[PDB]
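As structure tokens, the structure follows; a few thoughts come after it.
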Amino acid sequence: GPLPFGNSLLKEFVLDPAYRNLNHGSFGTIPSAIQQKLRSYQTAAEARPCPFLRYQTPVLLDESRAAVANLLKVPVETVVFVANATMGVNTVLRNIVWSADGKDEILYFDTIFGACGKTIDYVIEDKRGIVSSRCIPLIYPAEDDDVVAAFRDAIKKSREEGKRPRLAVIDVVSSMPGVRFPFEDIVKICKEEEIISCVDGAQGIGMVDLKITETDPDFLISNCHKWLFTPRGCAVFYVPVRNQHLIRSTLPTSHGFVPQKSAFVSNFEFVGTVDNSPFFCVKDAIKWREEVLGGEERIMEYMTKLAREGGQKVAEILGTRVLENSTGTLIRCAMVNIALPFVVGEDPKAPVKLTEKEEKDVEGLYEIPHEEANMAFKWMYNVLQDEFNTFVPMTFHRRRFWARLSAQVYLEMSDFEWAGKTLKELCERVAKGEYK
Amino acid sequence: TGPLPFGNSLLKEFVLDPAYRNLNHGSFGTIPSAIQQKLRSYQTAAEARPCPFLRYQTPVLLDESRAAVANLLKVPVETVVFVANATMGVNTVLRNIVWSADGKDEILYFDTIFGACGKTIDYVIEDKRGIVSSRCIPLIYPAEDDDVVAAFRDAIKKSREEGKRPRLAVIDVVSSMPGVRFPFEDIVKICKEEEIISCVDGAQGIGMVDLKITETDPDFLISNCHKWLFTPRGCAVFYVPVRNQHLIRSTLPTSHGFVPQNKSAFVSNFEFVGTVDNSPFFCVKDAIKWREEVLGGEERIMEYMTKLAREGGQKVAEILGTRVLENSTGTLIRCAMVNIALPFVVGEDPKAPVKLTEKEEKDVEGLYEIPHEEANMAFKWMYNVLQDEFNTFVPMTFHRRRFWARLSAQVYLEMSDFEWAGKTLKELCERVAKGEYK
């Protein structure tokens, strides 16, 4: 039968027993059964290179394409594997041909992943101004209605400047901070307004239900290596059949390109020589998660609940609060943010008008001068690795540090309590000016 | 004591199937057992400490592999980075070039260019909406070095005669099919004289021939470490002199290092371009070390494989009674791969007839002729036979009505392997003369 969750499940993984993994959402990790699968695929590749790599690669790709589309509840003709989420997002933006009038505009939110945000910048530079972009600022904790309204005002405002809102990139779950984004509402608005919905669901498969069919996005990308126990360097790229014709070239351009099984699926089979073993392990990771663990829903059910209750314990230990809106829809994933018990001094260049609640929440804590914010930020990162042998990413949002913790099926309440007590003393030492 | 002798005794150090004969190392390469173990050690370290290792040890390990490969190529370390493969870095060059506003820029390339790279030109023309064009330069092999230089000098001229401007030339170090050493020293020099960006595709390069980077001084060069440098698949070194690093505006794909308009920003840009297993990149310093301490260094490795390619190639040509692909100057087989014609002719195609050299018509009289339509049928048949029954693999170039089989020598091969290749290809070719491919 299935195995119980918690620290006993560390038996199945290959983490350092001295190292606490509180940040699975960044790079992921794989259990011992999947690494051996990974290395098994390599031995076959090095045993007879041309026979295996030329003819067994498409068979092993389609076995994982079938398993992942199955689990996503979508046709197999619509899923394909790319290197990673940054690669997939780049594949969408680099392939779109923009209107000849030059009125097209890319809409995005300021919680966009750094790599994604800078891809929009370069594409605008590369196409030399035939497409532009407008940034939608977000204040967190964000109410879902405020996010969708800020998107509607961006659509309305863009048209008042003579611009055409052409494409919108929507997170499933944002990176920093790790919050569930109301992507269903934003994608639906994109359809009504005829906007290409480029759903960046890197924090997606294996953690939250993507609801691909009912949402019907134009493009979706998601990192299997982030929450599906898939070896590093694997993202599932979803393109409906109606849109596969605009993905004209892969990244990079390879043999499958035709100058002007489907041709769309075949073009991604060989895109330059790479170790494709992480792709082949998708079918095993899915089968391992269903047989060894209780299944996909049981995995997500535990991680989300542990993120709530575990995050609330870190907040009690710190005397602060988790990051959540009035409807409790931000912590609908496996990650949770907790505010740290201090505050940064005001930036005279870009001062943030603090909200009355955010100011009473500052309640006379220790204040780090803004000139020392980056210095203390580096210190907390190094100390968490060198002294506590863990790693906690922190979002600097409105002169506060929001530490993001990632729950997993091999963690339990004791880990988040250790995380709370660790962060507690770490901030006590930040309060004493130890970062200098 | 001393280094290890070459030949089949060296297979103890590799992880090939003993029932499989790897006569085609040039396609995907392979790694020794010591390098595979290093690949898994980097893999083990990443899973033990995802964030601490991948965030902070990746800079260090990339820099050790950058210094190792830069010293091997005798190149400043500030001018080398690592990309995914040869196809990836050729795209990196062609997609960052800002073409001139009027639209006369054209990309020069030869028709023996690698298939992915030529189509990369076709897509860049499409994505840039016709402001850049291409001009294919046909080549006939056996090609003389003077004739290649002549075709390039006359293609530059026909361009400007049409009011066009040669902007960039895709130049091979060693071409894929047929596996042949290309006179890149002269074509790169002519690109400097004619103000043409030299984009060198040296995928067949590192670990096999002397790239002579400092001397020929190219604008951009790529080379597959995983092809001939015993590096795990998914690795290729990207050489750009710092005079041209500003031209690479964004990596492929675009990531944190891009900036809109100690370690240089160019070098920093290629460290994190998306979540990937970087174990192949880290092994570059381990492969170069292994090749030095165990095999005796690049120059002993390279010249053995080039010597074996000639002698073993003429054995296959002798066993089959044909010939090898070589020019009058003996400059085509200046690498580790050799092309030997198979003993039969393809019927002429009325859709594009091959008017052949007098000497070319004398080399095929008496040979069994296969009709042109059945050519692709027997081509697919020979591939399946050499794998399912002879348990090997040999790629074949179709060029002017004769198949040239491309063999790949390597430190773990010797003369008995090429004798087996010739013996295997006669059994194969005698069976296509009897029409077995039906």
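Side chains are part of it too, since the values below use all heavy atoms of this structure and drop only hydrogens, waters and symmetry mates. Here is how names work: the chains are called A, B, and so on, in the same order as the sequence lines, proteins then strands, and each is numbered from 1.
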Search all heavy atoms of [X] against all heavy atoms of [Y] and return the closest pair with its distance.
| X | Y | answer |
| --- | --- | --- |
| B:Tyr383 | B:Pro395 | OH-CA, 3.3 Å |
| B:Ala341 | B:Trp404 | N-CE3, 3.2 Å |
| B:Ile248 | B:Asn96 | C-OD1, 3.7 Å |

Tell me whether [X] is salt-bridged to [Y], with the criterion being a basic N under 4.0 Å from an acidic carboxylate O.
| X | Y | result |
| --- | --- | --- |
| B:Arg291 | B:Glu298 | yes |
| B:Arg181 | B:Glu185 | yes |
| B:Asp122 | B:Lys119 | no |
| B:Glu358 | B:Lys362 | no |
| B:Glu318 | B:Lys315 | yes |
| B:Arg401 | B:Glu369 | yes |
| B:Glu106 | B:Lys164 | no |
| B:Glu194 | B:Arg160 | yes |
| A:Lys261 | A:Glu269 | yes |

Taking side chain as C-beta onward, heavy atoms only, is [X] less than 4.5 Å from [Y]?
| X | Y | value |
| --- | --- | --- |
| B:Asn339 | B:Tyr141 | no |
| B:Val148 | B:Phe152 | no |
| B:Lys423 | B:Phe418 | no |

Hey, can you pull the donor-acceptor pairs under 3.5 Å for the side chains in residues 195-202 of chain B, sequence neighbours left out?
residue	atom	partner	partner atom	Å
B:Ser198	OG	B:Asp219	N	2.8
B:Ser198	OG	B:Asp219	OD2	3.2
B:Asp201	OD1	B:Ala203	N	3.3

task = Mind jotting down which residue pairs meet the ring pair (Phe, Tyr, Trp, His ring centres under 6.0 Å) criterion with at least one end in residues 164-200 of chain B? Sequence neighbours excluded, please.
result = B:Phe110-B:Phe182
query = Can you list every pair that meets ring pair (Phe, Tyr, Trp, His ring centres under 6.0 Å) and has a residue in residues 307-361 of chain B, with sequence neighbours left out?
reply = B:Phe344-B:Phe403
ask   = Can you tell me how far OG of B:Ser134 sits from CG of B:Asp105, rounded to the nearest 0.5 angstrom?
value = 12.5 Å
note = Value for CD1 (B:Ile333) from CG (B:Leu325), rounded to nearest 0.5 Å, stands at 7.0 Å
key: Row check, B:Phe6 ring normal vs B:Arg300 NZ/CZ: under 6.0 Å, within 45°   = yes
inquiry  = If you count every heavy atom of other residues, nucleotides or ligands that lies below 6.0 Å from B:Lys212 atom NZ, does the total exceed 12?
reply    = yes
Kindly list each side-chain donor-acceptor pair under 3.5 angstrom involving residues 409-416 of chain B, sequence neighbours excluded, with atom names and distances?
residue	atom	partner	partner atom	Å
B:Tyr412	OH	B:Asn22	ND2	2.9
B:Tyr412	OH	B:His25	ND1	2.8
B:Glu414	OE2	B:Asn8	ND2	2.8

ask   = Under the side-chain hydrogen bond (donor to acceptor under 3.5 Å, both in side chains) test, which residues partner B:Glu389, sequence neighbours left out?
value = B:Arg431
key: Partners passing side-chain hydrogen bond (donor to acceptor under 3.5 Å, both in side chains) against B:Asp127 (at least two apart in sequence or in another chain)   = A:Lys127
task = May I ask you to check whether B:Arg402 and B:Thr322 show a side-chain donor-acceptor distance below 3.5 Å?
result = no
